[PDB]
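Participant: Pasting the sequence and an experimental structure:
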Amino acid sequence: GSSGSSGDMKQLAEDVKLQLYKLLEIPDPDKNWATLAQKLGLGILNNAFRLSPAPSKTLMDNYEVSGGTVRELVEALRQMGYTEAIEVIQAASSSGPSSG
């Protein structure tokens with residue numbers, strides 16, 4: 001039990017998320033912003049981002065407003081097939097097992 005909804009995205013630097021937009025920007029079947037939306041939990045607002053000029057930019061912007069956790073952003077990337085997207089977050093998250 002024990003309810004929990006705070007989010008740990010505030011810690012993530014702008015420069016860190018900035019790169020995430022360049023990755024999702026890739027119109028691939030397993031590397032698109034829309035694909036990440038489903039993994040994270042924004043499939044309902046998928047059409048909304050599609051209308052925006054930068055869906056990938058609106059995703060993180062809309063996902064952050066509703067909390068936004070790094071544990072989900074890192075896992076969602078591995079579930080699809082991202083490598084750099086995970087290195088950008090882990091690079092800022094800490095510096096132990098992997099860095100850069």
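Facilitator: Yep, that arrived. Residues are numbered from 1 along each chain as shown.

Participant: from here on, contacts and neighbour counts on C-alpha atoms
Facilitator: Fine.

Participant: Tell me where the chain has helices.
Facilitator: Using DSSP state H, the helices of the chain run over 14-24, 33-40, 46-51, 55-65, 70-80, 84-93.

Participant: Quick check: buried residues in the last one?
Facilitator: Of all the residues in helix 84-93, those buried under the rule 16 or more other CA atoms under 10 Å are 85, 86, 87, 88, 89, 90.

Participant: From these, pick the one nearest residue 15.
Facilitator: For the buried residues of helix 84-93, the residue nearest residue 15 by CA to CA is residue 88; the value is 9.4 Å.

Participant: correct me, but the closest one touches residue 100?
Facilitator: Yes - when contacts are counted by CA atoms under 8 Å, residue 88 is listed as touching residue 100 (7.4 Å).

Participant: any idea what sits nearest residue 39, other than its immediate chain neighbours?
Facilitator: The shortest distance from residue 39 to any non-neighbouring residue, by CA to CA, 6 or more residues apart in numbering, is to residue 76 (5.2 Å).

Participant: Just give the number of residues close to residue 97.
Facilitator: As a burial measure, residue 97 scores 6 neighbours (other CA atoms under 10 Å).

Participant: let me redo that: residue 21
Facilitator: One way to gauge burial is a neighbour count; for residue 21, by other CA under 10 Å, it gives 20.
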